[PDB]
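These are the residues of each chain, in order.
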Amino acid sequence: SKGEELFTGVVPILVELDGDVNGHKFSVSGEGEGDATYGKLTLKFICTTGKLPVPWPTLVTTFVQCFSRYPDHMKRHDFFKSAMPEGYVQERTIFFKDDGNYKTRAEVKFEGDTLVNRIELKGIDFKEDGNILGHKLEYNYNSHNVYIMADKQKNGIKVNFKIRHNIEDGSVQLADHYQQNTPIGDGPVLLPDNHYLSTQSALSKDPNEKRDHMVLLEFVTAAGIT
């Protein structure tokens, strides 16, 4: 396809985010690379404004599904790569159960050989003593299924899934994700049949890094269609 070929090898990745959660302003820069052939992502994020005001796990989904591995028989359902190199807009509302919500708007596209994800995040109605602003979430991550449906109305896709973050007391903090993606260019894109992405993520720390940061290793494969 017009974008499939752009992901046959290792692609450098850059992530830039500006956020405001209940008035707490912060920025994050991330770098790494992705190898869609194997659905693999390796990235390191740094809070460039000091200490991150929310827990790192809560931003993982916000921080390039074009790196998902789509089985050859499912290639016609790969909206993400089809929108490249012009890219796509990714918007979400993430509802943290019994707490506030994040609204995000991002643009994912190529700048030369680098795949860039530029994001604006706004969080409101959070409890200053809740699990988010109170930093009560464990630094870990679970495997999830990301459900995708076409949206011919806007020539894009609708995505939904639930992330369950582990709370330090053994409980769980649900983060309900509502997502929409639309192409940036006026070119054609692939509208998919219903399917999902199987995702797994591991979080770690750089032992020599004194800045507030997160190291992420992720594997994602499309499934649901035979």
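X-ray crystallography is the method the PDB entry lists for this structure, together with a resolution of 1.48 Å.

A. Main features of the layout of surface pockets. Taken as a whole, the largest pocket spans an internal volume of roughly 250 Å³. As for the largest pocket, its lining consists of 14 residues, and the residues nearest its centre are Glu 4, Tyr 70, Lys 75, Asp 78 and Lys 81.

B. The arrangement of the sheet that holds strand β2 (residues 24–35) in detail. Taken in spatial order, the 11 strands line up as β1-β2-β3-β11-β10-β7-β8-β9-β4-β5-β6 and close into a barrel, and their pairing is mixed. Mean inter-strand twist for the sheet, computed between neighbouring axes without regard to direction, equals 20°. Across 10 bridges, the pairing between strand β8 (residues 156–166) and strand β9 (residues 172–183) is antiparallel. The partner of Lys 162 across the bridge, within β9, is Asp 176.

C. Region of the structure containing the packing of aromatic side chains. On inspection of all chains with the given rule, the structure shows 12 aromatic pairs. Between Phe 79 and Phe 80 the ring centres are 5.8 Å apart and the planes differ by 85°, which places this aromatic pair in the edge-to-face class. A residue is classified by how much of its surface remains accessible, and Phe 79, at 1% relative accessible area, is buried. On the accessibility criterion, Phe 80 (0% relative accessible area) is buried. Plain terms: the ring middles of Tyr 147 and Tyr 196 are 5.8 Å apart, the flat faces sit at 45° to each other, and that makes the pair tilted. Remark: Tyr 196 occurs in strand β10 (residues 195–204) and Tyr 147 occurs in strand β7 (residues 144–151); sequence separation between them is 49 residues. Classification of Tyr 147 as partly exposed rests on a relative accessible area of 38%.

Procedures and definitions
- Residues numbered from 1 in each chain as written, not as in the entry; some residues may be left out.
- Heavy atoms only, no water.
- 1 Å grid on protein atoms, 1.4 Å probe; cavity = no way out; pocket = protein on both sides within 12 Å on 5 of 7 lines; lining within 4 Å.
- Points joined across faces, edges and corners; volume = space filled by probe spheres on them.
- Pairing = 2+ DSSP bridges.
- Helix = DSSP H or I, 4+ residues; strand = E, 2+ residues; numbered from the N terminus.
- Axes fitted to C-alpha atoms, helices over the stretch in contact; angles between N-to-C directions.
- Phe/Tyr/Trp six-rings, centres within 6.5 Å; stacked < 30°, edge-to-face > 60°.
- Buried < 20%, exposed > 50% of the residue type's maximum accessible area, 1.4 Å probe, protein only.

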